[PDB]
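Presented below is the structure to which this report refers.
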Amino acid sequence: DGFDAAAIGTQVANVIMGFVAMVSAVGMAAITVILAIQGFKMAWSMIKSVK
Amino acid sequence: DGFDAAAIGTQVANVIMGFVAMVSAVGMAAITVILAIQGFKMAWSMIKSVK
Amino acid sequence: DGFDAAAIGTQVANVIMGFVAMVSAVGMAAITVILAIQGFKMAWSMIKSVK
Amino acid sequence: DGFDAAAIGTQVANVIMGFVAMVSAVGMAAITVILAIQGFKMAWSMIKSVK
Amino acid sequence: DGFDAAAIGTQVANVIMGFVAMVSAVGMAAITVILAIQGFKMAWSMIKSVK
Amino acid sequence: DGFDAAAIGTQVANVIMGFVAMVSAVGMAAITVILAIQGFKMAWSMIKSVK
Amino acid sequence: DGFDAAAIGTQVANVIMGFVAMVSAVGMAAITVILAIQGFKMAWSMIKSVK
Amino acid sequence: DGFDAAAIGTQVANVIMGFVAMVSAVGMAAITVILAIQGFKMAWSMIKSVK
Amino acid sequence: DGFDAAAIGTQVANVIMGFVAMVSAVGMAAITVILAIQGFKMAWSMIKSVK
Amino acid sequence: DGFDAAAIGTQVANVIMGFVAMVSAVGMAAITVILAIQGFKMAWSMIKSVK
Amino acid sequence: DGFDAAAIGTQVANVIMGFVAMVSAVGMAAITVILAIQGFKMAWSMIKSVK
Amino acid sequence: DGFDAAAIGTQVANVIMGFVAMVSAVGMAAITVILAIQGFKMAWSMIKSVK
Amino acid sequence: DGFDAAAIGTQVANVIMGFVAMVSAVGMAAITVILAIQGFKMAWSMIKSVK
Amino acid sequence: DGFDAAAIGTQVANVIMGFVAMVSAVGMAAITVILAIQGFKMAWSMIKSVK
Amino acid sequence: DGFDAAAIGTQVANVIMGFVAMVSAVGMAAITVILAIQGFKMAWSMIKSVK
């Protein structure tokens with residue numbers, strides 16, 4: 001009857017495409033860790049196979 | 001007696017096949033997130049197994 | 001006395017076996033949605049476990 | 001006799017299609033919460049499977 | 001008739017957008033735990049694959 | 001009306017930030033095990049590749 | 001005529017906003033339990049995936 | 001009028017904070033099992049990767 | 001009122017600490033298998049690296 | 001006038017605190033079943049993840 | 001008054017402790033299947049890692 | 001009263017021990033695949049380490 | 001006075017213990033379906049984890 | 001009195017054992033999909049571990 | 001009575017065997033990625049073992 005479906009259907013989507021920011025931010029604060037270990041793993045990794 | 005069953009039975013269905021749009025839209029605003037993490041996951045994933 | 005029980009008892013049933021049509025129609029206008037999400041869910045689902 | 005059925009039948013419906021607004025508003029004040037947790041859930045979720 | 005629908009419809013929403021605070025707070029008091037284990041999991045995790 | 005939301009919202013969080021202790025304790029009583037095996041794994045691990 | 005509606009309408013509400021206390025109290029005596037199990041669940045949960 | 005709300009509201013809570021005991025007891029009689037398997041799982045687990 | 005909580009709370013636990021037996025038994029009938037393969041795996045494993 | 005309220009009010013309660021017995025008994029004859037399946041579930045559960 | 005509570009309370013329990021039999025039987029006719037797959041899974045599983 | 005529990009309890013089990021056949025059949029039509037790859041994997045596997 | 005209570009009280013019960021038959025029959029015509037899907041679910045289920 | 005219980009009790013079951021057909025059909029139109037992905041998953045899966 | 005079960009049972013299946021297309025398409029847009037990394041992985045992989 002009214003059909004206020006798509007009008008609010010975009011409104012809702014716009015609240016939550018403007019939410020990637022958080023996932024990227026917590027992203028960055030994953031990698032710093034994953035590098036820290038990874039880069040530290042690769043430190044000894046060569047000098048395992050130094051032999 | 002009257003049998004206004006199918007006539008309105010389509011009417012009702014037409015209000016709600018015209019509702020996928022919202023589910024697609026909130027769809028798109030799922031994937032952007034899921035890529036963001038996923039693509040960021042695959043970033044470190046190769047360079048876990050860099051070794 | 002009169003026993004107009006089964007005669008109208010079928011009459012009533014015939015108004016309402018001719019009512020499945022609506023339930024099928026609103027059926028179809030469920031699945032289009034459920035696919036939309038489901039198929040979109042399966043989109044990212046493989047590429048979660050891409051790794 | 002009078003048949004003031006549809007005339008007021010619309011009148012009543014118009015009081016209550018003009019009621020979605022509230023359901024949308026309490027809608028918005030659901031999602032902010034559901035994001036808050038959800039986005040915070042996804043925060044640790046990647047870094048469960050950091051490994 | 002009166003149509004005090006949206007006026008109180010916002011009033012109700014404002015009681016409950018001012019409720020995220022609790023969900024964030026119990027949020028923080030989830031992560032401290034989830035880090036505690038997670039960070040402690042990652043402690044041994046590298047030195048599983050020390051080999 | 002009353003709005004005793006944040007006041008108890010902190011109260012609840014304080015019961016459960018004071019819960020990490022247990023997770024750390026069961027933490028310690030994970031690692032002792034994980035070392036035991038890990039350190040015992042590394043015992044033979046060098047003297048696999050003694051050759 | 002008299003219109004002693006709102007005057008007692010508040011009176012009634014005040015008997016029953018002063019009732020949250022009980023729901024909070026039985027609240028606390030839910031969580032102690034839910035922690036007990038939850039914290040005990042998380043005890044073995046890490047050391048399932050110790051592997 | 002009487003307002004015997006909090007007085008019995010504590011009374012009820014005290015019947016059911018004195019109920020954790022059972023949940024801890026059935027707790028202990030979970031872990032013995034979960035260890036039994038877990039410790040037995042870790043038995044073969046090292047000597048899978050003995051190689 | 002009655003407070004038959006801990007009395008039956010132990011009763012229930014005693015039915016189910018007397019249940020480890022089964023988990024140990026199905027334990028033994030895991031390892032026989034896991035040895036069978038494992039010991040058979042280690043059979044060829046040395047004589048892969050015989051070279 | 002008479003006020004035979006609490007006198008019979010206890011009388012009634014005493015008929016029905018002496019009713020837990022049945023609920024415990026049908027309790028026991030739940031768990032035997034729930035163990036039977038549960039313990040049988042845990043039988044194959046380890047040897048799913050035997051791998 | 002009569003207090004035919006425990007007398008029938010056992011009667012009811014005895015109908016339904018004599019019901020485990022079915023759950024064990026449908027038990028056996030689970031495992032035969034679960035072995036069939038499991039044992040067949042373990043067939044190829046070694047000879048994945050044959051290498 | 002009637003106690004038609006075990007009589008049908010076997011009847012049900014017999015419908016579903018006569019169901020392994022399907023699981024074996026879909027079994028066979030797993031392995032043909034798993035061999036195909038596995039045997040093809042082992043083809044190049046030796047002639048990786050031909051050197 | 002007459003006390004034709006238990007005499008008809010059994011009569012009524014005998015009409016409706018002779019009613020399980022239907023519930024078993026509609027039982028069988030549940031499982032055939034539930035197997036059909038279940039057995040078909042287990043078809044792909046192994047060959048999800050074929051990997 | 002009449003006892004038209006089993007006579008219609010079969011009638012009802014026969015409407016709904018003649019319903020598996022649909023569940024098999026929607027079955028087939030599950031697997032085609034599940035293969036499509038699965039077979040496509042196994043495509044890259046070998047050539048992950050090509051190395 | 002009507003038995004419009006298989007007639008619509010095919011109708012439903014035909015909406016969803018005509019759905020593989022999407023899963024193949026999102027398929028292709030998995031592999032391009034998986035190659036990209038895989039082929040790039042194999043780039044350095046030989047020249048790890050160049051030695």
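Labels used: A, B, ... for chains in the order of the structure tokens, numbers from 1 for residues in each chain, and numbers from 1 for ligands as shown.
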Closest atom pairs, range 4-46 of chain K residues within 12 Å of range 38-48 of chain I, only C-alpha atoms, as CSV:
```
residue,atom,partner,partner_atom,distance
K:42,CA,I:38,CA,11.9
K:45,CA,I:41,CA,11.6
K:46,CA,I:41,CA,7.9
```
Residues at most 12 Å from range 23-28 of chain M, counting only C-alpha atoms, excluding those fewer than 3 positions away in the same chain, as a ChimeraX atom specification?
-> /L:4-5,7-9,11-16 /M:16-20,31-35 /N:5-17,20
From a DSSP calculation on the backbone, collect every residue of chain D in helix (DSSP H, G or I) and output the set as a ChimeraX atom specification.
-> /D:6-17,20-46
Could those residues be written to a file, using C-alpha atoms, as an mmCIF file, in the first residue's frame?
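again-v1.cif, written as the output of this step:
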```
data_model
loop_
_atom_site.group_PDB
_atom_site.id
_atom_site.type_symbol
_atom_site.label_atom_id
_atom_site.label_comp_id
_atom_site.auth_asym_id
_atom_site.auth_seq_id
_atom_site.Cartn_x
_atom_site.Cartn_y
_atom_site.Cartn_z
ATOM 1 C CA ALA D 6 -15.240 1.020 3.243
ATOM 2 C CA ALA D 7 -15.402 4.790 3.973
ATOM 3 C CA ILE D 8 -14.347 4.250 7.607
ATOM 4 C CA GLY D 9 -12.459 1.050 6.594
ATOM 5 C CA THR D 10 -9.885 3.271 4.832
ATOM 6 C CA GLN D 11 -10.016 5.883 7.662
ATOM 7 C CA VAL D 12 -8.946 3.151 10.127
ATOM 8 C CA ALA D 13 -6.162 1.852 7.813
ATOM 9 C CA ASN D 14 -4.767 5.405 7.386
ATOM 10 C CA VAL D 15 -4.288 5.765 11.188
ATOM 11 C CA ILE D 16 -2.070 2.646 11.093
ATOM 12 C CA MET D 17 -0.097 2.836 7.841
ATOM 13 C CA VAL D 20 5.424 2.304 10.415
ATOM 14 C CA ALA D 21 7.456 5.421 11.421
ATOM 15 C CA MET D 22 7.598 4.236 15.044
ATOM 16 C CA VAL D 23 8.586 0.679 13.984
ATOM 17 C CA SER D 24 11.398 2.065 11.782
ATOM 18 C CA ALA D 25 12.556 4.378 14.600
ATOM 19 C CA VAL D 26 12.675 1.538 17.152
ATOM 20 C CA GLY D 27 14.255 -0.338 14.230
ATOM 21 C CA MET D 28 17.226 2.071 14.051
ATOM 22 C CA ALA D 29 17.550 1.866 17.847
ATOM 23 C CA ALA D 30 17.824 -1.935 17.500
ATOM 24 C CA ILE D 31 20.621 -1.976 14.878
ATOM 25 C CA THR D 32 22.965 0.502 16.592
ATOM 26 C CA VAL D 33 23.027 -2.073 19.407
ATOM 27 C CA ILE D 34 23.237 -5.077 17.049
ATOM 28 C CA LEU D 35 26.122 -3.500 15.130
ATOM 29 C CA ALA D 36 27.821 -2.527 18.404
ATOM 30 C CA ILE D 37 28.001 -6.171 19.497
ATOM 31 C CA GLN D 38 28.295 -7.566 15.928
ATOM 32 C CA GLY D 39 31.167 -5.252 14.942
ATOM 33 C CA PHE D 40 32.771 -5.923 18.301
ATOM 34 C CA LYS D 41 32.238 -9.695 17.745
ATOM 35 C CA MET D 42 33.975 -9.470 14.344
ATOM 36 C CA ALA D 43 36.825 -7.589 16.080
ATOM 37 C CA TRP D 44 38.056 -10.655 17.962
ATOM 38 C CA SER D 45 36.666 -13.112 15.351
ATOM 39 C CA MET D 46 39.498 -12.644 12.824
#
```
Mind giving me the straight-line distance from CA of residue 49 in chain K to CA of residue 51 in chain O in Å, one decimal?
->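 About the pair CA of residue 49 in chain K and CA of residue 51 in chain O: they are 26.6 Å apart.
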